[PDB]
Amino acid sequence: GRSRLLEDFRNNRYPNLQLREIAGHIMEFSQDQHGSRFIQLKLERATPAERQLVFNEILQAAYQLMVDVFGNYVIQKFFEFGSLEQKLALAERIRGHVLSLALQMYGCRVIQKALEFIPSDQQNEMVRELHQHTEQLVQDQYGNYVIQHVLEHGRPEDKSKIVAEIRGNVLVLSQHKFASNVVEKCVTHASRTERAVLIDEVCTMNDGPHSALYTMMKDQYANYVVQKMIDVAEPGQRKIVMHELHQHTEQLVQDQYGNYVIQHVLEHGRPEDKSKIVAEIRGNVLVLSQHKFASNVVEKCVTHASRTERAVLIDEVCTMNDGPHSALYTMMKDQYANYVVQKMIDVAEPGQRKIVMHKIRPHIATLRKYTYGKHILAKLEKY
RNA sequence: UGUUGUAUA
């Protein structure tokens, strides 16, 4: 199916091939893996005369290039390094097809490039086509990237229109694999008023017997939205969001997705929020350290809480008993809590580390017999 | 020895 020229260029002939030599073959080269990189490289150091010759061979069938696995890079080159007249002619071929391209695996790259480098009257013409289909775009595996592009670099008036389509479905779209990222970009990149309205929407609604925010923090996708809502909420709303988190801390530290929201607060939140999380953990360090999910939260607590809060959690482990065992001994033998013991050794202050080593000392000579306890021994060979 | 989400050769 390939021309002789393309086949030979692929098979190492013409090591000095120039743009002018492949006249009449631009469309075929563009739809070829190596023909496309050739045109892209050659365009970079090509004269305006050459670039225009290339452009005339792709303009008619430009759409076909936009939806091609290899040709879409060529279209993108002209949207970024072509003449004003070339950018505008390509925008004309796009007119009436923006939606199809934004829904397309390669077309959506071309749309984002066009939105970034064509003039304003053409950006607004292109965005006008999209505003009629925001609902579909927000949930599409490719269109969601085009919506996020507008939110990150578009003009405020256009961001506001995207917020209006999301205004009302924050809870549902936050649980959507593709749309949850758009909710994030709205929360981070829209106006102050629009961010507060979106955050307030889930603050004021209930999901049956659950608070909407609690549901979101348990969701595989919406937990990322809440983390962003925590990062950008103004102080008054932030306290409202955090109140839902604190009320459900015990549930969330044991949840497969909620435990990351708790850790996010421990690593990047305010210290008094960490102090309240620690106060819920206190008295349950033994049990939570043995939990697949909560054990990670216990680790973040001793790492990021205050000096005395960490000391309290470590001292609890040192002083509490598990039936006839010391809690430390039970923790060392557990598949998860052994990691907590190791982290506690690492972060303890020398005086407290000595107390930890004292409770560990009777067991050193027999840790090798334990599936997980032996990793305490392995670690201790650095102390 | 232990847990989270979409981008092109």
Side-chain angles (χ1 to χ4, degrees), chain A residues 10 29-41 65-77 79 101-113 137-149 151-152 173-185 187 215-228 252-267 288-300 331-343 367-380:
Chain A
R10 288 164 50 102
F29 272 64
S30 296
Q31 301 173 94
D32 177 273
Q33 185 171 16
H34 297 105
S36 188
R37 297 181 175 276
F38 175 77
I39 300 180
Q40 294 165 54
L41 284 175
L65 293 200
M66 299 177 184
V67 304
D68 185 82
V69 63
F70 304 130
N72 75 87
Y73 301 102
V74 174
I75 297 299
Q76 288 187 60
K77 273 299 176 315
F79 274 127
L101 293 166
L103 301 176
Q104 216 274 333
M105 46 192 68
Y106 311 114
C108 77
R109 300 287 196 165
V110 170
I111 293 300
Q112 291 174 75
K113 276 290 179 178
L137 291 162
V138 166
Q139 286 173 245
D140 182 83
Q141 65 180 314
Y142 304 117
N144 80 86
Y145 283 109
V146 179
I147 295 288
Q148 295 177 71
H149 178 268
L151 292 169
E152 293 194 31
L173 295 164
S174 296
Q175 297 167 78
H176 187 272
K177 178 190 178 71
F178 306 121
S180 62
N181 300 278
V182 177
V183 179
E184 290 191 50
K185 293 310 173 304
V187 158
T215 291
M216 289 169 73
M217 280 177 287
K218 289 186 52 182
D219 178 74
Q220 64 186 321
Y221 305 129
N223 80 90
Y224 292 101
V225 168
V226 180
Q227 290 180 62
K228 290 298 177 200
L252 294 171
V253 302
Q254 292 173 93
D255 184 73
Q256 58 185 331
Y257 302 108
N259 82 84
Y260 291 103
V261 185
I262 302 290
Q263 295 185 73
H264 176 80
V265 170
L266 293 169
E267 299 179 40
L288 292 174
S289 291
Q290 296 169 80
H291 194 274
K292 176 181 183 68
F293 306 116
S295 60
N296 303 97
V297 173
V298 180
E299 287 191 58
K300 290 302 175 310
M331 292 174 66
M332 287 194 293
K333 291 170 68 173
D334 185 75
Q335 65 192 322
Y336 305 127
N338 80 87
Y339 289 106
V340 177
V341 175
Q342 295 185 59
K343 184 66 70 181
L367 287 169
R368 70 204 152 76
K369 309 167 76 67
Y370 303 124
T371 307
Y372 307 107
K374 67 191 180 188
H375 300 291
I376 308 288
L377 192 61
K379 173 177 207 78
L380 278 179

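Below, chain A is the first sequence line, B the second, and so on; all start at residue 1.
- Atom NE2 in A:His34 sits roughly 8 Å away from atom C1' in B:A9 (whole-Å rounding).
- Heavy atoms of A:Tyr73 sit under 4.0 angstrom from at least one base atom.
- Rounded to a whole Å, the CG atom of A:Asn72 is 12 Å from the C1' atom of B:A7.
- For the pair A:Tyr221 OH and B:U4 P, the interatomic distance rounds to 13 Å; values are reported in whole Å.
- Between B:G2, B:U6, B:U4, one nucleotide has an atom nearer to the side chain of A:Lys292 than all others, and that is B:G2.
- Note: CZ (A:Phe70) to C1' (B:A9) measures 5 Å, nearest angstrom.
- A donor-acceptor contact under 3.5 angstrom links the side-chain atoms of A:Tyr145 to the base of B:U6.
- The nearest whole Å value for the distance from the NZ atom in A:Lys343 to the P atom in B:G2 is 15 Å.
- Looking at residues two or more places apart in sequence or on another chain, you find a side chain to side chain contact (heavy atoms under 4.5 Å, CB included) between A:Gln141 and A:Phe178.
- Atom NZ of A:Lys300 is separated from atom P of B:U4 by 13 Å (rounded to the nearest Å).
- Among the heavy atoms of the strands, none lies under 4.0 Å from A:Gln104.
- A distance-only check finds no donor-acceptor pair linking the side chain of A:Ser289 to the backbone of A:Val340 [under 3.5 Å].
- Among B:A7, B:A9, B:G2, the nucleotide with an atom closest to any side-chain atom of A:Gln33 is B:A9.
- Counting atom types as modelled, A:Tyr339 pairs a side-chain N or O with a base atom of B:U1 as donor and acceptor under 3.5 Å.
- The nucleotide whose nearest atom lies closest to any side-chain atom of A:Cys108 is, among B:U3, B:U4, B:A7, B:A7.
- Following rounding to the nearest Å, A:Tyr257 (OH) and B:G5 (P) show an atom-to-atom distance of 8 Å.
- A:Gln31 comes within contact range of no nucleotide atom at all, as no heavy-atom separation falls under 4.0 Å.
- Listed candidates were B:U1, B:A9, B:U6. Nearest to the side chain of A:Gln40 is B:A9.
- Of the candidates B:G5, B:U8, B:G2, B:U8 carries the atom nearest the A:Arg109 side chain, counting heavy atoms from C-beta on.
- Between the side chains of A:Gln148 and A:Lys185, a donor-acceptor pair is found at a separation under 3.5 Å.
- Across all strands, A:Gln139 comes closer than 4.0 Å to no nucleic acid atom at all (heavy-atom distances).
- Side-chain atoms of A:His264 and A:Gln227 include a donor-acceptor pair closer than 3.5 Å.
- In this structure, of B:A7, B:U8, B:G5, it is B:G5 that holds the atom nearest to the side chain of A:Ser180.
- Annotation for A:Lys113: atom NZ counts as buried by contact number, over 12 foreign heavy atoms lying within 6.0 Å.
- With hydrogens and angles ignored, a donor-acceptor pair closer than 3.5 Å exists between the side chain of A:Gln148 and the base of B:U6.
- Distance from the side chain of A:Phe178 is smallest for B:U6 among the nucleotides B:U3, B:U6, B:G5.
- A:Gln175 contributes no side-chain N or O that forms a donor-acceptor pair with the base of B:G5 under 3.5 Å.
- Taking atom NE2 of A:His291 as the reference point, atom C1' of B:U1 lies 18 Å away to the nearest angstrom.
- Looking at the side chain of A:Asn259, the nearest of the listed nucleotides B:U6, B:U8, B:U3 is B:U3.
- Side-chain atoms of A:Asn223 and base atoms of B:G5 include no donor and acceptor less than 3.5 Å apart.
- A:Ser295 and A:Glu299 share no donor-acceptor pair across their side chains, judged by distance under 3.5 Å alone.
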